Amino acid sequence: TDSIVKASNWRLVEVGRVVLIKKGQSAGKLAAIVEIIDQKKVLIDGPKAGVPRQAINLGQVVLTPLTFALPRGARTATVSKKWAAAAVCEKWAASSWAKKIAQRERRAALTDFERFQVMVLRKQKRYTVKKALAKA
Amino acid sequence: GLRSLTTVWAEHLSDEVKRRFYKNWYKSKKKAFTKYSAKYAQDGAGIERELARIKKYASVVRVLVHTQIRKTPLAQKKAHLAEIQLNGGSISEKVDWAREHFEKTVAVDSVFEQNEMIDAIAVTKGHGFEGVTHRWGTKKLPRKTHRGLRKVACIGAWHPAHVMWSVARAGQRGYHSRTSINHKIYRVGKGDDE
Amino acid sequence: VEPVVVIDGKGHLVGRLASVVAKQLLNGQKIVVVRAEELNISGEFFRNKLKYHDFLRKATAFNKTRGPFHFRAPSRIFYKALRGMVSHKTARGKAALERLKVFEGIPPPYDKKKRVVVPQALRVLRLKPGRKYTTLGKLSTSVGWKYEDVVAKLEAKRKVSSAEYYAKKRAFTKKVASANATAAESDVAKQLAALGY
Amino acid sequence: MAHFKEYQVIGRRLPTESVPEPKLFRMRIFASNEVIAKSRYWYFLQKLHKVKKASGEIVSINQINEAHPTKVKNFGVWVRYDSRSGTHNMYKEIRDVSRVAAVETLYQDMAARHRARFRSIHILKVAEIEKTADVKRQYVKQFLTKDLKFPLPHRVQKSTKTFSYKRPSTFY
Amino acid sequence: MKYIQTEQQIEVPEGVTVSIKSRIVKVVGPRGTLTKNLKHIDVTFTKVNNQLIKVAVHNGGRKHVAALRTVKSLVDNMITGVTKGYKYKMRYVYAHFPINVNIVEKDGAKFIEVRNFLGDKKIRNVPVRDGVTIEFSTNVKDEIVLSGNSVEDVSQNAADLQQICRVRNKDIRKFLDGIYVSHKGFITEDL
RNA sequence: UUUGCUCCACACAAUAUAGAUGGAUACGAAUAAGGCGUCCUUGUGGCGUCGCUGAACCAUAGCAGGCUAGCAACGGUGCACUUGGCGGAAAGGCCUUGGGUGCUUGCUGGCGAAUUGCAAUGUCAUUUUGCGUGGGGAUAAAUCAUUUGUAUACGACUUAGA
RNA sequence: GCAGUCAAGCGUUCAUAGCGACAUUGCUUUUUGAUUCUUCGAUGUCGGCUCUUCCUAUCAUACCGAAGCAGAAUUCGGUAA
RNA sequence: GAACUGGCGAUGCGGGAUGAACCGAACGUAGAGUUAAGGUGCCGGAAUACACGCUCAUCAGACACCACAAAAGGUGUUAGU
RNA sequence: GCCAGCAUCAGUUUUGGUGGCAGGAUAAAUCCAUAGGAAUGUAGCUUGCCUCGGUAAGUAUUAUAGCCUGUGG
């Protein structure tokens, strides 16, 4: 007999929390919320990801699940250091999120001949998967 | 809203009711209810078909009824075919009671008692194109007036520049339904009985 | 973007869901709002019933008939306010009003069939949390709509004769998953996720 | 008004044979352009001194930058809005990154809460606070606390299309 | 001003265990259990240890924030009656006509019956709610007592009891007759 | 009263299209929360995980998709027979067995496509009706005139009549 | 014509239960003035009779506050046409 | 009923829903483009744009001329001194 | 004659990209050196709770995180 109170599992905005950006230059790029001005305004920075130091609007940025240790204030070199220590981007492209993105840039970058292949190969596959959908 | 989805009549039909389905009885070949009558040969499979069809669905049974017209003094012969809502328990009981009573009679006393309070409904005695004074209750104008007593004066005001719905005018009086209630019952009679 | 389009009102906003469907329309987009009895509106239940209250007194004097008909029936309502925004009294109008049906509760030739939403017209993204809101459900009742409970039964139903469509579409799609990893490392499936997929 | 630019405008009072070298007046301005500025300029001097766009002239008109823009500062600000009636003074505080928001944000705030305009507000003085605490109004002090953190609940997402397939969501 | 974050602490006493998913609460305990909905409110309940629960409000406008200190007191008032239990004593009062109160049962039902009130031939009938019991306390001339878990069926059942006996067309002050909520406490004594 | 009418067919003529040109692709509930998988005491339970828009998912190669030969598979899907079930809220649809038989782009081939002349929508949908050949079925009312008076200005109503 | 605001006073005693001076802000178009926009190739002038309908600034009837409401009787007030 | 000017009457055009007079701008017949005054959820061509605030109104509010509202009050909420 | 298709030009426009330069405090910054600074004080340390220690609570100026303010380039 214990209480149990679901949870309510949010992503905070705080020093560190790292943000994909969606607008606008940056867009599609990871940055670290450094200071935190108010409810909707925050001071962003991402030297590694090609991102300037900027006071953005917490609508034009989205909170990633990643985060890291980062001290308050810290300037652009100091963020760049904490960045490969925790090694940000290597956790990021490991998630489904960055993969879903890199999947779709790929589908956009497909060529008229490649799109013909993928139908040939999907036809290969339908077959075999339809296979065991009969035995089992 | 209710929507009628069945009609299951009897094998046999008394010829009263048949005649209801004609304007010209004497000239007809009198075909009504001879291909439905078959349907009752087929045990009656096509027949539990619909009764089972009600049971499955349907929130509301209603017996179709008609009157013993020629067993009474009137000059009619064509009976009055009504609709009756049943009020017992369960849908299956209700169609089941009917199934037992197809071509079966039902005398007042299954329905009415002494000391019940009934609600009677009729098309009220008709009178024709009656004047406003009697159709309405409007006061007669004085002896004096020209062009006629038995009218309403102001039919309506300057504006709302149209004669209104809520004034009084000559037309049909009588021949209206009308559901007056609480018509204590004083006697349940039996033909039968000198 | 399709021939038909089955929206499910629920969590809507007459009002907004309102438009979009009139706009559409005038652009050839046969639409078919359902469910509805579960519409919604800004404002504490009370009002609106106040609001309602009027578009009720407004009559015609001289013959209560021939005047502005006050429907009750969620449906109708949505309708109306839809409408108002579609110039009827012309032809292009009308040729518009046809395209659009509407029912409270998903009957048949739709309960099948899929349905969608209209984000930009969802309470739940328009409003701010804390603001009171309605439910054409009540509303309709309350200004007299004999039938809300007959819908609300045929709902209990089809929320099932659905589910059990479901727990069956779902034990399927799952085997297809435990019989879709046997064949894929296959050769066909690595080239593939290079192009993509 | 628009977006601002700090400005330094260093007028004179036209030289005379009589009074050569006629004392030079600096004013930090919070305007849209160098036309503003030279304007917003003379308006204030015709209130302290005996000059005008004539008996004058504008010597310099230098954009000024923030030094540390980057740097989140706490701007107290003082303000003389007129109202509908009399006139009032104020001391608002505005957490922001640079002057040239401290004046923008302010004007929007003095608009919304008090229905004033650019017409009717004099931004008496602006002053980066150095230390917290000299900070005195709860809607700033709220944010200067121990390792601060908060969620962004009820996230609504923004779509382009008309229709959608899912029925959303507001998790975050 | 749009406070950034509030909180309180519901002190969990032992006995009791309060499951919570969404904003359905379930007061499990010694005397029974109790449940409640709060979908209407918008708060984030958060466990720290059996003994403690922190009900927050992130970015609340002042009217949102009073709804945070009520919630707390709402979840306390399902803990309390669930352990110590409530007891809403009621004394009768009368310058002349003696009020006679009884309990009948017509179809289930549990009706307080309230007779000869100011020598009305009327009968006043209150419906006793569920959760709650009615005692005519001996030792105390005249003392109907309502004793449940909740507070927020009891104090009402009582309140109605007190309110079915309002005087009509007299000056309040002469005619002080009626049934009244003198006592409020718990089933358990000492506390 | 000109050998009509009804159902399924197909032949030919027409006559329209508020507007096919791969596919309207089925949980329910809450959003200060849920999905999906999994373990368990079957619970508001533990553990993992996903979203961050369908840019998805299904179908999709063959003269507008031809005639043909094999290899690998025992699957996919069209078309028509039939077993058994579900559904009435407008059911007028959905699933499933057992066959009869095509096409199979699952991998490999071989013939043909031209001159529609450098583009011309380059016509392959689905509306309703009419006229005849040919395969099953059925074999009536109503109106007037006459008549009644529970009806009635007249029409209407109500009855009567081999 | 019907209503507000302050409150010198009245109301035994106490400004406001009920009233309310000096002041002052309104609404209304059932008074009457002012005006002369419409009509002088005509809009049938008064009042009564008759008959619908609307307004509420409610006399009565329903349910409640308030009193200088002990009960009876009566006064102010609400939602109400 | 006077003064200064500009209008209308003698003047369409787009805009104020509608309207001599207000805002735009003053006209040969047509073609492209740009705007004015007004606007851009839908009637309706055009952002259910972006940004920061205030407001829940058991009679909300909504844009100059213009088709109204005041004095006086509110521990309803927001900044202030 | 009728109806269009492309090309390369004219006239008038519209909608994009991309670079070279000239200013500004010869942008300001960040970055490197060089001085001062503080706290919502990181580490060490000390004190008290407390499941073998991490919370606190101090203290304190870069140390086993960094932060601000200026000079010079």
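Computed from the coordinates by the stated procedures, all read-outs in this text should not be read as laboratory data. With ideal geometry, Cβ positions are generated from the backbone for all residues, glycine too; neighbour counts draw on all protein chains shown.
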List the pair-distance distribution P(r) of chain A, using every Cα-Cα distance, as the percent of pairs falling in each 10 Å bin from 0 up to the bin containing the longest distance, rounded to whole percents. 10, 31, 22, 15, 15, 6, 0
Explain nothing, just the number: dipole magnitude of the protein assembly as shown about its Cα centre with +1 on each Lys and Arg Cβ and -1 on each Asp and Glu Cβ, in debye rounded to the nearest 20. 4160 debye
Partners for E:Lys174 among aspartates and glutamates (Cα-Cα distance below 16 Å; same-chain residues under 8 apart left out): none
Computed on Cα atoms, Rg of chain D relative to 2.2 N^0.38 Å comes out at 1.41
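Excluding D:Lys71 itself, calculate the net charge of residues whose Cβ lies under 11 Å from the Cβ of D:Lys71, where each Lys or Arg counts +1 and each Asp or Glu counts -1.
Net charge around D:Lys71: -1.
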How would you order C:38-44, E:57-63, C:169-175 from highest to lowest mean count of nearby Cβ atoms within 10 Å? C:38-44, E:57-63, C:169-175
Chain B: calculated mean residue ellipticity at 222 nm from DSSP helix runs of at least 4, using -39500 (n - 2.57): -1500 deg cm²/dmol
Taking N as its residue count, the alpha carbon Rg of region D:70-146 over 2.2 N^0.38 Å: 1.13
Excluding residues on the same chain fewer than 8 positions from C:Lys157, give the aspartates and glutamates whose Cα lies under 14 Å from its Cα. C:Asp111, C:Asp149
Kindly state, to the nearest 0.05, the FRET efficiency for A:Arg72 paired with A:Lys40, given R0 = 22 Å and r defined as their beta-carbon distance. 0.70
Given the protein assembly as shown reduced to its alpha-carbon atoms as identical point scatterers, what log10 I(q)/I(0) does the Debye formula return at q = 0.05, 0.10 Å⁻¹? -0.60, -1.48
Could you tell me which of E:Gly61, C:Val86, B:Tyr175 has its Cα farthest along the dipole of the protein assembly as shown towards the positive end, charges placed at Cβ (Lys, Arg +1; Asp, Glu -1), taken about the Cα centre? C:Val86
Dividing the convex hull volume of the alpha carbon atoms of region E:1-85 by its residue count, what do you get in Å³ per residue? 79 Å³
Set the Förster radius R0 to 45 Å, insert the Cβ-Cβ distance between E:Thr70 and C:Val1 as r into 1/(1 + (r/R0)^6), and round the FRET efficiency to 0.05. 0.40
Unsatisfied cross-links (Cα-Cα over 22 Å) in the set D:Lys53/D:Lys125; E:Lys121/E:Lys170; C:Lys10/C:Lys138: D:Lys53/D:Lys125
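Step through the table entries D:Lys131/E:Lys72; E:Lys47/E:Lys84; A:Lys40/C:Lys23, compare each Cα-Cα distance with 27 Å, and write down the pairs that go over it.
Over 27 Å Cα-Cα: D:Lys131/E:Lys72; A:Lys40/C:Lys23.
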More than 21 angstrom separation, counting every C-alpha pair in region E:17-168; what % is that? 57 percent
Could you size up the charge dipole of region D:3-69 around its Cα centre, putting +1 on the beta carbon of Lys and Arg and -1 on that of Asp and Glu, and report it in debye to the nearest 20? 300 debye
Partner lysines whose C-alpha sits under 20 Å from that of E:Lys110, ignoring same-chain residues fewer than 8 away, are E:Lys87, E:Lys89, E:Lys122
Farthest toward positive dipole pole in chain D [+1 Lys/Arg, -1 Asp/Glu at C-beta], among D:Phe75, D:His154, D:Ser18: D:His154
Inverting the mean 1/r over all pairs of different Cα atoms, compute the Kirkwood radius of region D:3-69 and quote it in Å. 12.6 Å
If each DSSP helix of 4+ residues adds -39,500 (n - 2.57) and the sum is divided by the residues in chain C, what number results at 222 nm, nearest 500 deg cm²/dmol? -5500 deg cm²/dmol
Which of B:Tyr22, B:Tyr57 comes first, and how do the rest follow, when ranked by fewest Cβ neighbours within 10 Å? B:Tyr57, B:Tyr22
Among B:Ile47, B:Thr124, B:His146, which residue has its Cα positioned farthest towards the positive end of the charge dipole of chain B, with +1 placed on the Cβ of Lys and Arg, -1 on the Cβ of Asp and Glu, and the dipole taken about the Cα centre? B:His146
Over the alpha carbons of chain C, what is the largest minus smallest coordinate on each principal axis, giving the biggest first in Å? 82, 37, 35
Find how much the distance from B:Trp136 to B:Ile121 grows on full extension, using 0.36 nm per residue of separation minus their present alpha carbon separation; answer in nm with one decimal. 3.1 nm
Footprinting exposure proxy for E:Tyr86, D:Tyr81 (fewest neighbouring C-beta atoms within 10 Å first): D:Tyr81, E:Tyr86
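Report, as a whole number in µm² per second, the diffusion coefficient that Stokes-Einstein gives for chain B at 4 °C and 1.567 mPa s using the Kirkwood radius over alpha carbon pairs. Please list the in-between numbers first.
Details: Rh = 22.3 Å.
It diffuses with D of about 58 µm²/s by this estimate.
Starting with the fewest neighbours, write out D:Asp96, E:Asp42, B:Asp119 ranked by other beta-carbon atoms found within 10 Å of each beta-carbon.
Result, fewest neighbours first: B:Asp119, E:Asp42, D:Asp96.
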Arrange the peptides C:69-76, C:82-89 so that the one whose residues have, on average, the most other Cβ atoms within 10 Å appears first. C:69-76, C:82-89
Rg and Dmax in Å for region E:86-191, alpha carbons only: what are they? 13.9, 43
Quick check: from the Cα gyration tensor, does region C:127-191 come out rounded (a/c under 1.5), prolate or oblate? oblate
Using +1 on the beta carbon of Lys and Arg, -1 on that of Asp and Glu, and nothing else charged, what's the dipole of region D:70-146 about the Cα centre, debye to 20? 160 debye
